[PDB]
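Everything on this sheet refers to the single structure shown next.
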Amino acid sequence: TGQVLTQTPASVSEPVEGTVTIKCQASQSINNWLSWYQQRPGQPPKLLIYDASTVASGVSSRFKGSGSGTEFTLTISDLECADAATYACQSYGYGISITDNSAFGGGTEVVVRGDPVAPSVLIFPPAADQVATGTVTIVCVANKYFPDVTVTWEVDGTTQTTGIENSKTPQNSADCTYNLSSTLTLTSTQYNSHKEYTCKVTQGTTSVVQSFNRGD
Amino acid sequence: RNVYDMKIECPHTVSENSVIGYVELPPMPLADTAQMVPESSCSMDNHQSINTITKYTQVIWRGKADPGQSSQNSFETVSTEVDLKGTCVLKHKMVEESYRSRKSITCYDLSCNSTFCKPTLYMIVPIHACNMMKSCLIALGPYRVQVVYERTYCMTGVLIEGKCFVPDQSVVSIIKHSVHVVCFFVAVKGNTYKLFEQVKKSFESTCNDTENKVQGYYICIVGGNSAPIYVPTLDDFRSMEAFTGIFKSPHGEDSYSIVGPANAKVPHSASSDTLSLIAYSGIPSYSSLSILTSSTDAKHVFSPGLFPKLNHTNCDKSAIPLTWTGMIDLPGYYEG
Amino acid sequence: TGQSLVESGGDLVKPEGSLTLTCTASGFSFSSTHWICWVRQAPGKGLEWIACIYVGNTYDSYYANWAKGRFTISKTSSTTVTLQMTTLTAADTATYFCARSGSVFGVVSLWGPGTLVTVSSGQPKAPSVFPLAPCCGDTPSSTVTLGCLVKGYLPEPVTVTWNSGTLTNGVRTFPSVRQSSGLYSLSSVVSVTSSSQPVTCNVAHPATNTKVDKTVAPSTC
Ligand SMILES: *[C@@H]1O[C@H](CO)[C@@H](O[C@@H]2O[C@H](CO)[C@@H](O[C@@H]3O[C@H](CO[C@H]4O[C@H](CO[C@H]5O[C@H](CO)[C@@H](O)[C@H](O)[C@@H]5O)[C@@H](O)[C@H](O[C@H]5O[C@H](CO)[C@@H](O)[C@H](O)[C@@H]5O)[C@@H]4O)[C@@H](O)[C@H](O[C@H]4O[C@H](CO)[C@@H](O)[C@H](O)[C@@H]4O)[C@@H]3O)[C@H](O)[C@H]2NC(C)=O)[C@H](O)[C@H]1NC(C)=O
Ligand SMILES: *[C@@H]1O[C@H](CO)[C@@H](O)[C@H](O)[C@H]1NC(C)=O
């Protein structure tokens, strides 16, 4: 029969020194056969809890796994900045139940709330080599900030809506801070018409505006 | 397709006797053996107690999950409760009641490694089906077995190398002047079923405090056709020879690579380890079904990929086979 | 004391095509009580089982229900296993991890970094690195930040290092972003003092075998 694994919540936000609760429920009952994995971006997943209660060697005691039957929970106590990662549960079966109950969790996103830091906003005008190609993009970055921000692009006072891309760095394992890069892609014909290009980064009530003028 | 044969031999003359046949089937996936029951179409209805649920303990072996120690190719054992139907778990006086009720006993023994199982289907029917000889079809999972009745050229004996043989040893044998046997363990509480009180007497085994150990006897059919023989019984030295062969060669008579040894908890809730086993890798071999010795109530054991400890030198962490097939030497003479 | 699994292969493959992946073990004997498996994860979806092999003296393999018949897993030597993929579609674009477990579908005692298989009808493309420098109209400061901009390229994995890895402090490399045309763009910046020598960024694209070395100086505008 088809075994389905439900993992909740999808995203959780808890401050430093706090606690995180992740719920993993199995459609079919499993006799305490569960595993918890930590997967950092661009990193091999690490096994922390196996048999739903046993801490893997080398894993800190702050990770505790509990549960049996069809419902399990994972608790992270004394939350740290390095704990900000993606977590998932694996339901494995043995003997007769091989492949009968074998599924992976949906995955949960853990963000660690730290002391807020204002974003230092930097803007880079397009290079000389870029305009010759016919497609021009402008890079604006916000460094060492928390929490998340919203980026606004304005040309000669008019807000742009099309051709904006944002890439956000994962939280730093030391101070729980973000880094964002905003790219506004246009055409060389469009770029040679307007003069005032503005990148605005808003952190709640705080807004940091960085602008530049073409030909200066 | 590719149906397999279940040979059964019938004598011309009939003398409380039943006949038995067996067949070893090719390996099948272990996951497909769940809820697998024999479905018979014979004129003799299968006993309803065989298809009932018998709770087994599943003992499996796997490489250690903990990283770092897993680099040392260490393995651990997991014990769980499972429900198995159709296995050769007979009850007290079931053979005689089936004989008097014209009902067949169709069960299977499982030989399993960690992933695949070799089932051995058994059928015990009274000789009352040896005259009609109606062909039957039995379905067990993806396999089909042919119920084939063969009429031997013997009045009451068993054919051995082209000659008939009747075991009497009685005064009748005096006036007139290796046999295959299949045994099954039946668990029944009582005071006359002290199995290991006789084991300690028969063989030099240090087994003290036998009262808390398993209670039961073994029922065996010799030579395909024979009356039911209980084991052990002190006044049948044929049954005594069967007992000796069961405990001298517990694994049976007549590849696989032996991985390290392991211990496990037979109730899956015990405080400490209670059974010794040998995990292995390769083609499935021997029997994966056994009964814990150190428990009055029968604790059935299913250990795919593991070899239960049948040596019995120390009665701690010990087990006995559920089924046993082999050859024992009994006195007698051939017809002619 | 490092025991790990490394996944190779995983290039850009056209739809309905085929691609074979390979997993290698480093500093770890294979033994006979292990199971090697493949796990894939599409962007925006959870982990997915693919197949496993007993990887011992005897042969035993188990495949996923969706991947049955279409995939092929087999052991090659005492340190390597493979995974043949056939008639790949757009839904097969994912990151494929190599797994080692003590049972068929059991606890994964060790994972690998993973490899990306991009299934797209487009052709491989070069990064065409552009330099990122502040406007010269800005007043010079004690410390200045510079960077390189990697525009449209295919497939997804690119490696960017500054001064051949000699300097690491102050380096902030951003994740790639997919554009409208299905092309990826990546940006990386570095902050250095004005008195430091000019810094060089080394963008390497193993798929197209392109290694662009663009060097920037604080005086750049
Ligand atoms: C738990 O126990 C189970 C027990 O079932 C175990 O699973 C079995 O394990 C055994 C032991 O390893 C396996 O047996 C091996 O199977 C290998 C694979 O068999 C397939 O491939 C064969 C080779 O194919 C090539 O060659 C032929 C002929 O040249 C060619 O036609 C093919 O196209 C291809 O080029 C193939 O022959 C074979 O086909 C058989 O079966 C089909 C029916 O399915 C039948 O129609 C055929 O006529 C033929 O009989 C099958 O398709 C096999 O390669 C291997 O043989 C090697 O070793 C021997 C001995 O050294 C050499 O002589 C030989 O040349 C090979 O080098 C061996 O036979 C078996 O396949 C497993 N599975 C099953 C279901 O039994 C688990 O692993 C155990 N688990 C544990 C321990 O954890
Ligand atoms: C059991 O162990 C004893 C150890 O002395 C050995 O002699 C014997 O052969 C073994 N096997 C059986 C079936 O007793």
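Ordered as shown in the structure tokens, chains take letters A, B, and onward, while each chain numbers its residues from 1 and ligands are numbered from 1 in the order shown.
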TODO: Within 7 Å of chain A, which residues of chain C are there when counting only C-alpha atoms? Please give them as a ChimeraX atom specification.
DONE: /C:46-48,105-107,109,111-113,130-135,137,174-177
Contact set, chain B to chain A: 10 Å, only C-alpha atoms, as a PDB file with C-alpha atoms, in the first residue's frame:
ATOM      1  CA  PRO B  29      10.667 -11.838  -2.363  1.00  0.00           C
ATOM      2  CA  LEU B  30      10.270 -11.670   1.408  1.00  0.00           C
ATOM      3  CA  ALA B  31       7.763  -8.802   1.234  1.00  0.00           C
ATOM      4  CA  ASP B  32       5.361 -10.935  -0.828  1.00  0.00           C
ATOM      5  CA  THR B  33       5.165 -13.651   1.857  1.00  0.00           C
ATOM      6  CA  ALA B  34       2.981 -11.468   4.098  1.00  0.00           C
ATOM      7  CA  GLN B  58      10.867 -11.091  13.315  1.00  0.00           C
ATOM      8  CA  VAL B  59      14.626 -10.855  13.888  1.00  0.00           C
ATOM      9  CA  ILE B  60      16.588  -9.157  11.102  1.00  0.00           C
ATOM     10  CA  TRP B  61      20.165  -7.951  10.737  1.00  0.00           C
ATOM     11  CA  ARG B  62      21.397  -4.720   9.172  1.00  0.00           C
ATOM     12  CA  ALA B  65      23.278   3.050  11.265  1.00  0.00           C
ATOM     13  CA  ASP B  66      25.732   5.098  13.338  1.00  0.00           C
ATOM     14  CA  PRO B  67      28.401   6.750  11.148  1.00  0.00           C
ATOM     15  CA  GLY B  68      31.993   6.050  12.091  1.00  0.00           C
ATOM     16  CA  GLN B  69      31.103   2.686  13.588  1.00  0.00           C
ATOM     17  CA  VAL B  78      16.060  -5.566  15.323  1.00  0.00           C
ATOM     18  CA  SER B  79      13.241  -7.593  16.905  1.00  0.00           C
ATOM     19  CA  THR B  80       9.589  -6.935  16.043  1.00  0.00           C
ATOM     20  CA  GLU B  81       6.171  -8.582  16.262  1.00  0.00           C
ATOM     21  CA  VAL B  82       4.700  -9.901  13.001  1.00  0.00           C
ATOM     22  CA  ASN B 113      17.868 -14.674   3.840  1.00  0.00           C
ATOM     23  CA  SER B 114      17.576 -10.927   4.457  1.00  0.00           C
ATOM     24  CA  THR B 115      15.578 -10.318   1.259  1.00  0.00           C
ATOM     25  CA  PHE B 116      14.326 -13.573  -0.313  1.00  0.00           C
ATOM     26  CA  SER B 303      14.980 -14.839  11.605  1.00  0.00           C
ATOM     27  CA  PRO B 304      15.470 -14.198   7.879  1.00  0.00           C
ATOM     28  CA  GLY B 305      19.191 -14.019   7.210  1.00  0.00           C
TER      29      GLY B 305
END
- [ ] Work out how far CA of residue 95 in chain C is from CA of residue 115 in chain C, in Å to one decimal.
- [x] 5.3 Å
Task: Counting only C-alpha atoms, chain C residues within 10 Å of chain B, as an MDAnalysis selection string - done: chainID C and resid 1:3 27:35 54 56:61 100:104 106:110
Those residues you just picked out, can you put them in a file as a short mmCIF file (atom, residue, chain, number, x, y, z; two decimals), in the first residue's frame with N, CA, C and O atoms?
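The file below, again_22.cif, is the result:
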data_model
loop_
_atom_site.label_atom_id
_atom_site.label_comp_id
_atom_site.auth_asym_id
_atom_site.auth_seq_id
_atom_site.Cartn_x
_atom_site.Cartn_y
_atom_site.Cartn_z
N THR C 1 40.56 11.15 8.42
CA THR C 1 39.49 10.29 8.92
C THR C 1 38.22 10.47 8.11
O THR C 1 37.13 10.07 8.53
N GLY C 2 38.36 11.08 6.93
CA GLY C 2 37.21 11.39 6.10
C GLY C 2 36.70 10.25 5.26
O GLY C 2 37.38 9.78 4.34
N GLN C 3 35.49 9.78 5.56
CA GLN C 3 34.78 8.80 4.75
C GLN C 3 33.62 9.50 4.05
O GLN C 3 32.83 10.20 4.70
N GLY C 27 38.32 6.40 0.64
CA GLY C 27 38.90 6.02 1.92
C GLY C 27 38.02 5.14 2.77
O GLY C 27 38.02 5.26 4.00
N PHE C 28 37.25 4.24 2.15
CA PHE C 28 36.32 3.39 2.89
C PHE C 28 36.15 2.08 2.14
O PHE C 28 35.68 2.09 0.99
N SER C 29 36.52 0.98 2.77
CA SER C 29 36.33 -0.33 2.16
C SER C 29 34.85 -0.65 2.04
O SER C 29 34.03 -0.20 2.84
N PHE C 30 34.51 -1.45 1.03
CA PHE C 30 33.10 -1.65 0.71
C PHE C 30 32.42 -2.67 1.62
O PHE C 30 31.21 -2.55 1.87
N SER C 31 33.16 -3.67 2.10
CA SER C 31 32.61 -4.72 2.95
C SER C 31 31.45 -5.46 2.29
O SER C 31 31.28 -5.39 1.06
N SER C 32 30.67 -6.18 3.09
CA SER C 32 29.54 -6.96 2.59
C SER C 32 28.24 -6.71 3.33
O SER C 32 27.24 -7.37 3.04
N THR C 33 28.23 -5.78 4.29
CA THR C 33 27.04 -5.48 5.08
C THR C 33 26.51 -4.08 4.80
O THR C 33 25.96 -3.43 5.70
N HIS C 34 26.65 -3.61 3.57
CA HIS C 34 26.25 -2.26 3.20
C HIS C 34 25.32 -2.30 2.01
O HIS C 34 25.25 -3.30 1.28
N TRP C 35 24.58 -1.21 1.82
CA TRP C 35 23.69 -1.04 0.69
C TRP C 35 23.89 0.36 0.14
O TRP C 35 23.89 1.34 0.90
N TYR C 54 22.43 -4.42 -3.22
CA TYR C 54 23.08 -5.02 -2.06
C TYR C 54 24.59 -4.87 -2.09
O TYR C 54 25.23 -4.98 -1.04
N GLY C 56 27.23 -6.62 -2.75
CA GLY C 56 28.06 -7.60 -2.09
C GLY C 56 28.50 -8.69 -3.06
O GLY C 56 28.56 -8.45 -4.26
N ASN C 57 28.82 -9.87 -2.53
CA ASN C 57 29.17 -10.99 -3.40
C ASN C 57 27.96 -11.43 -4.21
O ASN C 57 28.08 -11.71 -5.41
N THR C 58 26.79 -11.49 -3.58
CA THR C 58 25.55 -11.85 -4.24
C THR C 58 24.87 -10.60 -4.79
O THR C 58 25.11 -9.48 -4.33
N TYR C 59 24.01 -10.81 -5.78
CA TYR C 59 23.35 -9.72 -6.48
C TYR C 59 21.92 -9.58 -5.99
O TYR C 59 21.15 -10.55 -6.00
N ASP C 60 21.56 -8.36 -5.57
CA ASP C 60 20.20 -8.04 -5.18
C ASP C 60 19.99 -6.54 -5.32
O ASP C 60 20.79 -5.76 -4.80
N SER C 61 18.92 -6.15 -6.01
CA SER C 61 18.63 -4.75 -6.25
C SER C 61 17.13 -4.51 -6.08
O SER C 61 16.31 -5.39 -6.33
N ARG C 100 24.57 5.45 1.40
CA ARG C 100 25.06 4.18 1.91
C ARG C 100 24.26 3.83 3.15
O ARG C 100 24.20 4.62 4.10
N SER C 101 23.65 2.64 3.15
CA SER C 101 22.76 2.23 4.23
C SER C 101 23.05 0.78 4.60
O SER C 101 23.58 0.00 3.81
N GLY C 102 22.68 0.43 5.83
CA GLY C 102 22.80 -0.92 6.35
C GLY C 102 21.66 -1.85 5.98
O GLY C 102 21.71 -3.04 6.31
N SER C 103 20.64 -1.34 5.29
CA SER C 103 19.49 -2.12 4.87
C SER C 103 19.05 -1.61 3.50
O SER C 103 19.67 -0.72 2.92
N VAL C 104 17.95 -2.17 2.99
CA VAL C 104 17.51 -1.84 1.64
C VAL C 104 17.12 -0.37 1.55
O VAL C 104 17.71 0.40 0.79
N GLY C 106 16.80 1.66 4.45
CA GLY C 106 16.94 2.02 5.85
C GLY C 106 17.71 3.29 6.08
O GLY C 106 17.77 4.19 5.23
N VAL C 107 18.33 3.37 7.26
CA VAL C 107 19.00 4.59 7.69
C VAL C 107 20.25 4.82 6.85
O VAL C 107 21.10 3.93 6.71
N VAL C 108 20.36 6.02 6.28
CA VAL C 108 21.52 6.40 5.48
C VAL C 108 22.61 6.87 6.43
O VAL C 108 22.53 7.97 6.99
N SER C 109 23.65 6.05 6.60
CA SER C 109 24.74 6.39 7.51
C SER C 109 25.67 7.44 6.93
O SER C 109 26.41 8.07 7.70
N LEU C 110 25.66 7.65 5.62
CA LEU C 110 26.56 8.61 5.00
C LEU C 110 26.00 9.01 3.64
O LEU C 110 25.53 8.15 2.88
#
Got a sec to check which residues lie within 7 Å of ligand 2, using only C-alpha atoms and all ligand atoms, and send them as a tab-separated table (two decimals) with N, CA, C and O atoms, in the first residue's frame?
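Generated output (out.tsv):
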chain	number	residue	atom	x	y	z
B	247	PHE	N	18.24	-33.81	17.62
B	247	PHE	CA	19.17	-33.05	18.45
B	247	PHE	C	20.64	-33.28	18.11
B	247	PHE	O	21.49	-32.50	18.55
B	248	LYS	N	20.97	-34.32	17.33
B	248	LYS	CA	22.34	-34.44	16.83
B	248	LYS	C	22.57	-33.61	15.58
B	248	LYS	O	23.68	-33.10	15.37
B	249	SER	N	21.55	-33.47	14.73
B	249	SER	CA	21.61	-32.62	13.54
B	249	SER	C	20.39	-31.71	13.52
B	249	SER	O	19.48	-31.90	12.70
B	250	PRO	N	20.33	-30.72	14.41
B	250	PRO	CA	19.13	-29.88	14.49
B	250	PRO	C	18.86	-29.11	13.21
B	250	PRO	O	17.70	-28.79	12.92
B	311	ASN	N	22.90	-25.49	19.12
B	311	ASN	CA	23.93	-26.38	19.67
B	311	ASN	C	23.58	-26.91	21.06
B	311	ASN	O	24.02	-28.01	21.42
B	312	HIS	N	22.84	-26.14	21.85
B	312	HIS	CA	22.30	-26.55	23.15
B	312	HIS	C	23.35	-26.97	24.18
B	312	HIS	O	23.01	-27.65	25.15
B	313	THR	N	24.62	-26.59	24.04
B	313	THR	CA	25.57	-26.91	25.11
B	313	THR	C	25.23	-26.14	26.37
B	313	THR	O	25.16	-26.71	27.47
